[PDB]
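Chains as they are written, first to last, in full-length UniProt numbering: chain A, 72 to 155; chain B, 1 to 65; chain C, 981 to 1176; chain D, 337 to 808, 810 to 1081, 1092 to 1119; chain E, 1 to 114; chain F, 1287 to 1445; chain G, 491 to 502, 509 to 539; chain H, 638 to 668, 678 to 715, 722 to 833; chain I, 3 to 265; chain J, 2 to 63, 76 to 146.
Have a look at the structure below, then the notes.
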Amino acid sequence: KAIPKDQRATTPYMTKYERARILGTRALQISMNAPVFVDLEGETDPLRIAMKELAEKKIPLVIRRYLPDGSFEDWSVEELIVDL
Amino acid sequence: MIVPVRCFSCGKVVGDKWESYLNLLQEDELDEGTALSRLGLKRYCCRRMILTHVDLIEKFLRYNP
Amino acid sequence: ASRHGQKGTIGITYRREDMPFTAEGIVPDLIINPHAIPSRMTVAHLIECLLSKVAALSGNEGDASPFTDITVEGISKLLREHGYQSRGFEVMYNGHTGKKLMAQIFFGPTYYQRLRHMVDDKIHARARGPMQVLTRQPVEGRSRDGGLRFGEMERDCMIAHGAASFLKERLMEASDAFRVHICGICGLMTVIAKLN
Amino acid sequence: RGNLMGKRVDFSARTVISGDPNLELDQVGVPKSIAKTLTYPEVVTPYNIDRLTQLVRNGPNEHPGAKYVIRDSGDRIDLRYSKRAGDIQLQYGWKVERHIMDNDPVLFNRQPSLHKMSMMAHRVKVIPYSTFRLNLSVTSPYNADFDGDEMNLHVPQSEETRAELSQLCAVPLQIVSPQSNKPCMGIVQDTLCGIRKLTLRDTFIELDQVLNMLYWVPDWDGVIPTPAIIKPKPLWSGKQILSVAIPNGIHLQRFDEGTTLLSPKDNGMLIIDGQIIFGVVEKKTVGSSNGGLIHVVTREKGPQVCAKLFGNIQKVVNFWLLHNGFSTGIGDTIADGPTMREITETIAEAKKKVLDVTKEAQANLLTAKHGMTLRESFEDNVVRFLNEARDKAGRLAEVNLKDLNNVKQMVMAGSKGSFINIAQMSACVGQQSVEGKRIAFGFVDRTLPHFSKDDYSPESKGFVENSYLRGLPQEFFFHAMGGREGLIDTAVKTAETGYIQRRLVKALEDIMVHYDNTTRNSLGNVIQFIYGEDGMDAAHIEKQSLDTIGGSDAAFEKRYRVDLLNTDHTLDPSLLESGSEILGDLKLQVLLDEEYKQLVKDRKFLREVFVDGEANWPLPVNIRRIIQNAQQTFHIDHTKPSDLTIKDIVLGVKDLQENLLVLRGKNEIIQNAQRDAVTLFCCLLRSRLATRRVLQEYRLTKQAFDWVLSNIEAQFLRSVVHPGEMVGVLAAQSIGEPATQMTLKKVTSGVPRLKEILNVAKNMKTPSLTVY
Amino acid sequence: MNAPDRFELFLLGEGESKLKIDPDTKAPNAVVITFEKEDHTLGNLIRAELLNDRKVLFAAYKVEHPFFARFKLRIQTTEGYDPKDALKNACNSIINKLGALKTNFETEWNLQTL
Amino acid sequence: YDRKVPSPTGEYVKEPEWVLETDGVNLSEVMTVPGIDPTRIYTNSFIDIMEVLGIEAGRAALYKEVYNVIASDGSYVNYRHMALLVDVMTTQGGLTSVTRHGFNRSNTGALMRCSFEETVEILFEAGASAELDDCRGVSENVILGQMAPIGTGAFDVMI
Amino acid sequence: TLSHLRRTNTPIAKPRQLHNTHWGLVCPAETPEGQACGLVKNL
Amino acid sequence: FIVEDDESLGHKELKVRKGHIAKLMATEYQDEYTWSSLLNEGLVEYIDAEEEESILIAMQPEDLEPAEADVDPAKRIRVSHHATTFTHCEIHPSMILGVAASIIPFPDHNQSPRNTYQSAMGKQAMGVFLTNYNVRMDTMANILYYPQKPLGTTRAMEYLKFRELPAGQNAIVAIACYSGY
Amino acid sequence: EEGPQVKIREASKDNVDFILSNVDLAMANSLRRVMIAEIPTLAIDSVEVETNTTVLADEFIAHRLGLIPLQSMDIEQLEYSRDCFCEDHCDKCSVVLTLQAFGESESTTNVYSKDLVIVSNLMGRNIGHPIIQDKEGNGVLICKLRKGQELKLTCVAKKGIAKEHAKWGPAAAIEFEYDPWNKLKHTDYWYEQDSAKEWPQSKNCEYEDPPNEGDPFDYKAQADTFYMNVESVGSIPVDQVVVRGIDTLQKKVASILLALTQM
Amino acid sequence: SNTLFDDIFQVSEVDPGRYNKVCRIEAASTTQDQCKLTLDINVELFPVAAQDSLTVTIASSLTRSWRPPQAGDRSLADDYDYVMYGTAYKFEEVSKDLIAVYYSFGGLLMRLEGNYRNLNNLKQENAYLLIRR
Ligand SMILES: [Mg+2]
Ligand SMILES: [Zn+2]
Ligand SMILES: [Zn+2]
Ligand SMILES: [Zn+2]
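Quick look at the structure:
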């Protein structure tokens, strides 16, 4: 039931599970001959690449966090902090 | 089943000492212990090789065909 | 396994040289780790060695009959008369180096059994083979080239790892996988599929 | 149950396992043949064709080869039959089912799988012979040993799938387990038993070896470290080289019974800048303990760095031991001649005691304690008498054991063995027991037909006086009876527990920490408003001491009170910079006062919660460490005064408490929950980061201190649970497992009781009411 | 069935040369020479001799895994001294002593009766 | 019994105290007895503690209990874990067993209950009274071979 | 083979416990683990 | 063995005697005094658990029927022969065991359960199960190439024909930490 | 002469107890190993069975044949089949022996290694001869036959080494001790009271001076002098195992030298 | 290029607590009664005993990979017999007009008590221990 970019209460920080799915999904696209938005310092493995697309906040993916009522909050991989 | 050719452990040929050993027992009326030493089998790796062997072939040969 | 409830699989074979050796030049046919002893309190094993050693030496059948007055002393006493340390230890040199081993070792002969069940008789390994006609799920046993059971318990673990995708890929894309057509009004698989 | 939630899946493999000391913790040795069978659908891509085509050419029966080639239309070109199997020009977009190669990620598990740790991702390492080869320190999580266990391997099939294994289920990632909130992988057998020896002060190594040991450690900086000794011979100590394994920045203080920054017993432990300063290295240091070099190295340097720590420590220690040797024989179970004398008679008196009780009892002189039959009291005595006997003859034996005694030698490392083992192998074995009682009268009024009716003497009812060494009919038979009782409930305590393990798992199955830090099941029905009541993840926790609960009232004061308005209890001018120009400042005392009034509220509050007086409680962020990690990151000298302003500290500590957060709603209700879930930690925090302390206890500086803060914040934020964490199961299992470890002062405990509980029985066997 | 042929212990296969010389990266004048189808016998003997040369700052070796018969010799020598030379010398000094022993033994063996 | 206790001087000391252990239960009437400290009276019979002191207390004992089972074995388990259990066992205001008589009745979709002890039946009494399964249980998405609200399936991913 | 020919089975208060009276008649040790432990005996 | 004290020439004694044994061994060498002869001349009896209830049994005959008129410190400790009642004496305690456990050396210097394990494994051991394995066509047969009688025997293996059809080899073992493999 | 120097004590067809002094332990060992594992030898490495009415299995018998020691002095002029340009084998890289035995008498006929019969052309090189040290001259007991049992074999002996297989070892057993008194302190004896009264005294002590009570610990001394003895299966005279040993090791070394060169 | 502490010590006790190549020595200082010493010494390479006159020296000179001979004809802070290298860890206030320090020579330990050392004693890793006659 949507929630404006404001009044956003969810964790600013990216959950491990979120990043593991983000990592997987981008790694998969990369494995399918998809454009790479990063400069390879000589990387070849999709995942290893996708990891580096995240390390340079260049992964055009957004996470939709459903709350338990039905509503949710859309966070962008650009916003989300990746400490871990 | 027949005397092992050579000792698992060290490799000292042993299969050429079974009959010798047996004789030393039966006729020379000697004890397994000395019989061994006389056959040049001085180390235990090479003493269990003969001392323990159970010459089963002698029982497999009694089977006619 | 020895005769004292101590089983073990081989973990590697070393050729005579790489093996530690006795000054006499004797080398072991087998080496077991000291750690499989304190806890299992399987002392007889140790004893049997003391005995079997003396025995092989003096060509005497070693009598490890139960309730007897056979002592670890009386035996150690016999083994010394045989020019060996009364307990089974014997200076040993490291095969690689030839140097002496800073720790003397329990060395002697011990009756060991060759149990059935050998790796090669077990090594099964499938990568999508024949499936059951009734469930369209992989078959059992390796004699049939079946699949391994990814039962209930394994699932829980995956769930615990939060690896949703993998799970789906395991309970579907591998084993059961089937496409069915449904009536958008009565969710029953009652839709005649005429693909053409 | 067996088709929908539990299926037989493809791309699985199983064989015998055996340990391999030259394999990395997170790898797994896959026997060439198995690798040649299991495959992986890789799509052709300009970043690979060369390798892919090259493999397709290698074919299905040479390792780095493949089977099957998938095309656009969905056809399967079978590479082992196919006039055109030596042809095939790969096309971008096609799929090349390739063999499993080195470094692939694979899910490796041992059953029963009552953990996450029972299933972990390992880097593939194709090798000869046919057994899965696994690193030893991966042993315990799977609870394997190499007496024949077989293990199952599964191969990810999707690019995502792989990622899910390598990022969530990787062995590295699992070293510090959330269940025991400590690590779940230590150092065992040889590496442990050895590392200890290799450490003894008496242990020195020289050139030739040193150079090998160093080289042996793969991450060696090739810089030979200067010998501990340079005199008549340049000798290095054990610690010396082992320290090479330990990376830099690792610190670790210990203190066992008699430690004293000079540990005459080479006790406790002291590791600074990744250099072992003092203390023998054994289980407590390198085991899978809480404080452990592993718990610390995982948290500090990273999972992977710590993953490596294992192999290194191993490679070095193993090598060292490979050349020192170690063994055990009967000899190691023989006790000093005069000792067996002292032991045999140690028992001789125990028997006389039992006898003297017995005669007393038979005279009806005995005074029955309350609630017990004069008969009950009788038995209990003798049993106590005999147990002590065993334990002292045992202790008596343990003392002989010379440090050179291999058994004792393993016990000291903590690599196998315990008092009991020695005590039984060397001195008296003990009183046998079936159903918690000493052997019964299976025959009429007697134990065996070799005794006379009515004979409660120790020999008669199961007291095995002899040792496994000396040797044990009646005794035998008896000890056998107990033996059996054991094997039996052994078979039972397994099924009953197996069942419980499930009911727990089904019951909680669907419970997980949602995105509002709440804990609800499928229905949405809230179960916990904050997980674990602090919304903190179990793994990121450690037993810390709340320094404000204990100590005399005087000591609590001698420690935290700062009264600038009091020449005798003010901050000496050597500690603080503004020492002299503070003495008297009333505006400052108003703060110290405010700080000190809080610490005292906390003392009360805590003593209210933890009535026990127990001050050691698992809390996120090991503050003590952060401090030590500033103590030498900024090289802080305990000789010059700090540049800290009383305002800095006090106001800083306070402010820190504002940026911890676990919830972020801007409303009252939630803003109050957030306060709750942090109260305790904060208490820890305040008692630790107190003005005196900061200044007098660990001479911080505006820089160090300022760092320590920014630090805590981050860590805290890292210790929070992640929405998704499936706590339902995670818990169910965390209870089921340690439950299947249970197998055995007159109450109903263990499995039965746990069963009693979970079922919510009303017919409990051991009811009781405890009044005060 | 997963056992490798015994001869792979002393027979170089395809694309396998007796030695590979890569320059160590951690230290200077350092080199890691990998040996193929060779075990402790050589490795340790050459390691020991290589440690008689006073212009040798380091020298260790390891069979990274028993399964395979190969090992690594690491060498670091005094500026201007090429370890390959430090290696050459060693092998020689070794052969020489060996020859020697061969003779002296053969001598004695001949003064023997039996 | 042994009980640590704050001494006037501040330090915790050991002030042993007499305590009566009982071989039989009747909480309701013993608290009322004089001399005893009704504040501390206890029982391992959580049910009774429930009926008498309320459920929030029952939860307590329920844990205090489980805990003892696990710790009497020297073994430790983080609070949260057992907490969750007890709580899950205690949210429905009563003492709900880990048996089928308790949590399978729960209010959950048919399929979950399916995977536990009374499949057949559960599915009938479920068909008879047209139950609608949300399909939000992990156990059901497993039956339909779909991702579930697990780590990987809680948040949705989009372009 | 000898051991199989000298075996004993007991279908279905405490029956798998090695019992006093067993002395002299049934082997105190020989018996299978788990499952039928104590039920299958050996003379 | 029976014990009936009926013996004018001093105390209570086992009916069997050295006399009868030379007579028993007499028969062995000829390979007329059987086991039934001992049973008939009433020197032995067959007792079931029920009658066992009413008898007193000495373990070792010797060590249990001499009169008490220095002790080897390495021998285990045994109590005493306290009983002017013995009606029977055990043929030999080692007999309380059966086939499987019978092949364990010193199982009386071994922790209870480990004896049970071994007994279950002796049945998975290889060796010659029968000298005619070559003439028998049966589902799987495993035979040892060079079976060895154990250097460590049991006075009860002679009847279990172990030494004749051994299952196991006499390997030179070393308990030592070596390659860590 | 130069460094390394020997001092034979005993000597015969089979053994050679000798003192090897002024050498490095590393070498004493390298030598020892090589003797055990890399000196070449001729041994049956392929058995073609024509008839086996025996009580033993084919491969069981084949295994034993391989183990039977064969002459190997001139093995240095016999090639490795894998290097001979022939297809399979020839008289340049092998030696073929025939075994034919028939149970004739009803009194059990024994089959000894003395019955192998060289069929190939030795080419005048001492090679492949059932080695016999028996007293009666019946080297090794291969098999026994009954009434009318047959055994008709054809073996092909090839050049090989202890590494591919132990049957190819000429060495048997090698004694080896150094520093009889633990002056070098390369060990720490295990004791119960006096490690000196409990641990035996090696013959080798007699050939060395004791430790001299109050003398400090000789921390600079290394291992010189080694008391070895090479037993010999016999395919090679003992003197040779020692020589060929020394040789081989020496060649191994040289090939690395030759390596750098081609590099 | 320095020296940091010189002083002759008189050994009062020599303790070998279950070690055969190490003894923990405690010798008092000749001259200033204030100074005392606790040290771990390899009695195998450098014996010691009841009342010996030991000369001690600390310094920090005669950290790049260790080398060995050659210099056998070069530098030589070999004017002593026994020598060790180590890392010092904690400086403590024995209180009063005295102060102590702790060094660890790869596990071999030493505690030094006095006061004028506030200057002469380092504050870092470097620290050799030289003893003679
Ligand atoms: Mg197991
Ligand atoms: Zn031998
Ligand atoms: Zn419809
Ligand atoms: Zn040819």
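From the three backbone atoms N, C-alpha and C, an ideal C-beta is built for every residue, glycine too.
#1: How would you write the range of the alpha helix (DSSP H) that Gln-26/B sits in, first residue to last?
#2: Hey, is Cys-520/D close to ligand 3, as in C-beta under 8 angstroms from one of its heavy atoms?
#3: Consider the Cβ of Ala-525/G: report whether some Cβ of chain D lies at a distance smaller than 9 angstroms.
#4: Reducing DSSP to helix, strand and coil, say where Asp-93/I ends up.
#5: Any Cβ of chain A within less than 9 angstroms of the Cβ of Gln-503/D?
#6: Pull out every residue of the stretch 207–222 of chain I whose Cβ sits closer than 8 angstroms to any Cβ of chain D, in chain order.
#7: For chain B, find out if any of its Cβ atoms is closer than 9 angstroms to the Cβ of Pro-818/H; answer yes or no.
#8: Considering only the alpha carbon of each residue, which of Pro-554/D, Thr-351/D and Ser-513/D lies closest to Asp-1101/C?
#9: Using a strict less-than 6 angstroms threshold between each residue's beta carbon and the heavy atoms of ligand 3, what residues do you get?
#10: Just to confirm, are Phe-813/D and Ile-748/H a CB contact at a threshold of 9 angstroms?
#11: Can you confirm whether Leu-514/G, when its beta carbon is compared against all beta carbons of chain D, has any partner nearer than 9 angstroms?
#12: Between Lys-59/B and chain H, is any beta-carbon pair separated by less than 9 angstroms?
#13: Between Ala-525/G and ligand 1, is the CB less than 8 angstroms from at least one heavy atom?
#14: According to DSSP, is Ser-418/D part of a helix, a strand, or is it coil?
#15: Determine the extent of the alpha helix (DSSP H) in which residue 306/D is found, giving its start and end residues.
#16: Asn-538/G: which of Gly-520/G, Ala-509/G and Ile-502/G sits nearest, CA to CA?
#17: Can you say whether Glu-144/A is buried or exposed, counting buried as having 16 or more other CB atoms within 10 angstroms of its CB?
#18: Listed by chain order, which residues have C-beta atoms less than 6 angstroms from any heavy atom of ligand 1?
#19: Kindly provide the ranges of any beta strand (DSSP E) runs that are 3 or more residues long and lie completely inside the stretch 423–471 of chain D, ordered along the chain.
#20: Given this structure, state the Cα-to-Cα distance separating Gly-628/D from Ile-612/D, to the nearest angstrom.
#21: In chain order, what are the residue ranges of uninterrupted alpha helix (DSSP H) at least 4 long that sit wholly in the stretch 639–667 of chain H?
#22: Pull out every residue of the stretch 31–62 of chain B whose Cβ sits closer than 8 angstroms to any Cβ of chain H, in chain order.
#23: With three or more C-beta pairs closer than 8 angstroms as the rule, is the stretch 1066–1084 of chain C touching the stretch 1002–1009 of chain C?
Result, derived from the coordinates:
#1: For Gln-26/B, the uninterrupted alpha helix (DSSP H) run begins and ends at 18–26, by DSSP.
#2: no
#3: yes
#4: coil
#5: yes
#6: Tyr-221 and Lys-222
#7: At least one chain B Cβ lies under 9 angstroms of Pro-818/H.
#8: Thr-351/D
#9: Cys-1163/C, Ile-1165/C, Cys-1166/C, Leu-1168/C and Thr-1170/C
#10: yes
#11: At least one CB atom of chain D sits nearer than 9 angstroms to the CB of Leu-514/G.
#12: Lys-59/B counts as touching chain H.
#13: no
#14: Secondary structure at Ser-418/D: coil, using DSSP grouped into helix, strand and coil.
#15: With chain D covering 337 to 1119 only, the question about residue 306/D has no answer from this structure.
#16: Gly-520/G
#17: buried
#18: If you measure from each CB to the nearest heavy atom of ligand 1, the residues under 6 angstroms come out as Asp-481/D, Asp-483/D and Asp-485/D.
#19: You should have 431–435, 441–445, 455–463 and 468–470.
#20: 13 angstroms
#21: 655–666
#22: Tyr-44, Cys-45, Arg-48, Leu-51, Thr-52, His-53, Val-54, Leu-56, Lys-59 and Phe-60
#23: yes
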